[PDB]
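>
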Amino acid sequence: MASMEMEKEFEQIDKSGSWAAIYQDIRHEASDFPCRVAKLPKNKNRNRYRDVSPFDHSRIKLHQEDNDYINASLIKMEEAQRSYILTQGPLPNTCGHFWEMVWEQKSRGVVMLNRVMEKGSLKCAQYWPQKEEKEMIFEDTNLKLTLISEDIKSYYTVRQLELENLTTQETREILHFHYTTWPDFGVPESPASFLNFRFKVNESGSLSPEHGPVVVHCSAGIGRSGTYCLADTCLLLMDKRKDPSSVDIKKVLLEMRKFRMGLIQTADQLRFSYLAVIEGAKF
Ligand SMILES: [Cl-]
Ligand SMILES: [Cl-]
Ligand SMILES: [Cl-]
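Using the working numbering, read the sequence shown as starting at 1097 and increasing by one per residue.
1) Under 7 Å from any heavy atom of ligand 3, does the C-beta of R1320 make it?
2) Closest to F1106 by CA distance: which of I1233, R1367 and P1279 is it?
3) What separation, rounded to the nearest whole angstrom, lies between the Cα atoms of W1195 and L1239?
4) Closer than 8 Å by C-beta to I1118: which residues in its own chain qualify, once you throw out the five before and the five after it? Chain order, please.
5) Compare the beta carbon distance of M1352 and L1332 with 8 Å and say whether it is the shorter of the two.
6) To the nearest angstrom, how far is the alpha carbon of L1349 from that of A1221?
7) May I have a chain-ordered list of the alpha helix (DSSP H) segments no shorter than 4 residues that lie completely inside the stretch 1288–1333?
8) Pull up the distance between the alpha-carbon of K1227 and that of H1274, whole angstroms please.
9) Rank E1266, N1143 and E1175 by C-alpha distance to the C-alpha of residue 1428 and give the top, closest one.
10) Compare the beta carbon distance of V1206 and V1311 with 8 Å and say whether it is the shorter of the two.
11) Using 8 Å as the Cβ pair cut-off and three pairs as the minimum, do the stretch 1180–1191 and the stretch 1280–1297 touch?
12) Could you tell me the boundaries of the alpha helix (DSSP H) in which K1346 lies?
13) Checking the sheet assignment: what are the DSSP bridge partners for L1243?
14) Taking its Cβ as the centre, do 16 or more other Cβ atoms sit within 10 Å of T1323, making it buried, or is it exposed?
15) Along the chain, where does the beta strand (DSSP E) that runs through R1144 open and close?
16) Hey, is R1123 close to ligand 3, as in C-beta under 7 Å from one of its heavy atoms?
17) Output the residues surrounding ligand 2, defined as those with a CB atom closer than 7 Å to any ligand heavy atom, in chain order.
18) Give the DSSP-derived three-state secondary structure of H1272 in the structure shown.
19) Relative to the C-alpha of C1131, which candidate in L1257, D1162, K1215 and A1168 has its C-alpha closest?
20) Hey, is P1186 close to ligand 1, as in C-beta under 7 Å from one of its heavy atoms?
21) Please output, in chain order, the residues near ligand 1 using a CB cut-off of less than 5 Å to any non-hydrogen atom of the ligand.
22) Look at the alpha carbon of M1334 and the alpha carbon of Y1370, and state the distance between them as a whole number of angstroms.
23) Please identify the residue among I1122, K1104 and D1162 whose C-alpha is closest to the C-alpha of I1360.
24) Kindly list the residues whose CB is nearer than 7 Å to the CB of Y1223, restricted to its own chain and excluding five residues on each side of it in sequence; keep chain order.
25) Measure the beta-carbon distance from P1309 to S1179 and round it to whole angstroms, keeping in mind my assumption that it falls under 8 Å.
26) Looking only at DSSP bridge pairs, what is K1157 linked to?
27) Locate the alpha helix (DSSP H) running through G1192, then write down its first and last residues.
28) In whole angstroms, what is the alpha-carbon distance linking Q1160 and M1208?
29) Here's the rule: buried if 16 or more other CB atoms are within 10 angstroms of the residue's CB, otherwise exposed. What is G1317?
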């Protein structure tokens, strides 16, 4: 019943053509916090986009002795009982930092929402190994990463990776959930594949409470990644709440934007998030 209620509002926004107005209201209401660390001169080459930075209060800090900076934010959705690390696609010089973050934060799942190249432009470095016999060694952070197997499906691929801390020789299995079919322009026409992908992430065990937060990225870590986090958080809230129809997607998005700027980068992404929540509410 909460799906039919939200669907009638959705149809009202469609008929009004008010998606852009609602979206601009969100942009205007969104939190503004300092990002002084991200903007230090020494961090210039650690940011893929000069206009997308983590706030100081929620940034993930690396623990090794150097420079603690990575373009990544901890989004703690307390009522939904889930935290997420949203991060940019790693750069050629930050793939060691990325896996150091995964190790130190105890994450067991990585959700990737882009292809490495799209429309003939690079969105992310090739930060995992494509071939079993060609493992990756990150000499700066002393980590080794091996492809163990992969399950390639028509719309997404799940890879079983082994991440080894070369200092301690401890190994962990990391699952790489790679949504490979987001369209080159716009958003998916239907959220069915997106929701089936989310189900596979949530059923994998990689997001058990015993493990650290899932790491989610796209190219900047705000648009497609914001859509995934927003839909997942809203659907979780529909279980936490006594009345599932009380979940207000705009309010949830504003709460997420306390922890990372720019989440949801277009009105079409906002509409898609509503559509995904409406459909997932049925199930
Ligand atoms: Cl500096
Ligand atoms: Cl709410
Ligand atoms: Cl924005």
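Idealized CB from N, CA, C, for every residue including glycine.
Judging by the given coordinates:
1) no
2) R1367
3) 7 Å
4) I1109, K1346, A1363 and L1366
5) no
6) 28 Å
7) 1288–1299
8) 16 Å
9) With the chain running from 1097 to 1379 in the structure shown, residue 1428 is simply not present.
10) yes
11) no
12) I1345 to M1352
13) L1257
14) buried
15) Careful: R1144 lies outside any beta strand (DSSP E) and carries neither H nor E.
16) yes
17) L1333, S1342, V1343, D1344, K1347 and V1348
18) strand
19) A1168
20) no
21) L1136, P1137 and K1138
22) 13 Å
23) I1122
24) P1186, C1191 and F1194
25) 4 Å
26) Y1165
27) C1191 to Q1201
28) 25 Å
29) buried
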